[PDB]
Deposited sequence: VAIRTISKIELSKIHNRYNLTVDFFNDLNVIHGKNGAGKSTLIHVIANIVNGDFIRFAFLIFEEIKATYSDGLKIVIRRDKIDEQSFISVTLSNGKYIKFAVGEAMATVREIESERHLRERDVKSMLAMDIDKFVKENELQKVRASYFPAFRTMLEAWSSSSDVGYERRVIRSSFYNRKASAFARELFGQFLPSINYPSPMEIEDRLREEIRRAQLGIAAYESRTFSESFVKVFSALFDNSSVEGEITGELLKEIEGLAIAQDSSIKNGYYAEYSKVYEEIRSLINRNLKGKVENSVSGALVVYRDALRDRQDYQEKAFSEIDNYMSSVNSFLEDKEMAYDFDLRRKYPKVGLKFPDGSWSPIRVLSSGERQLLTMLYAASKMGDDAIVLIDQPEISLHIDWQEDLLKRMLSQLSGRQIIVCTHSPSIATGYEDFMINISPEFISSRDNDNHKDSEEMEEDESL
């Protein structure tokens, strides 16, 4: 796919220059205080999201962005007739110049934005998005809980920290809970469609077995025990009754058609169990990644779908009772999941409110989900970057 491979900044904030060269899988940016980590994350997020109207609010000279396939974007801030103009020039030669004052007026009001998105959609600059995790995730989550959440939180955070700040679009825990409920509903409907298919399929399988001339009962017993004690079946979890009826009628009565029907029944049971496991594959993988971190609780679902936290006494609690660090762990593990949106994960200070035993495994459990996405983190903690010191990038800007 398309990944950021180089970012150059010239006279940004009229203060410094900085050229960063990236990897395609993991980048651990680190540096001293005021080295420009957060501004680098903002530049990357604004370029990748295609939100070039943010660059009217940044004082700079030239910003060059190189992707993996060779696409290059050059953004310049020129001064003519005591007016600043932002010029975006691609590698294709197609360019767009817009005035700073018009962009500022449209921002304060919220035509030019339509031209910008026409230019972006013409050249496919929004092929891959970026999930932006700010350094102020906790108070923003607490404020917004008291894409519309993205819009309101982006407006509030841009009011607080300036208008260059990108659109906050990381998955909030409420969004995580809602999308988990939707995926559980979709998995239940897929199981229903599979049962409706396999009913008519197993009928002609039985009819094929009836026209041709021991441990199977134990295997059917094991499959029925596994399926009856499965949380994914909220309806008709009584295969033990029909298994007992089948074994009682067998022990009361050898036809080869009975053995063929037992083979068909065992195959139907194991195939329904296999489809039931593969329908809940993403949800179980995500909750297994989360539950490898949580100590005295366990994120789980139960049957209307219920998604919450089981405690060792068996009581349930919502996700809202979680800590700040545990909620941040949930969001950062969801952004790297396969059910999360495929993007470029940009996290600013991922070590916030995380114990060092979680910092040492955060990047490992994010890269072990085989998402294939590019992760760029900016950290102050040596425990985030442990085990992955080959991917550490140290930024030392040249101050002027």
Where the deposited sequence has no C-alpha coordinates (positions from 1, in order): 1-2, 113-125, 162-173, 241-248, 289-292, 343-347, 445-464
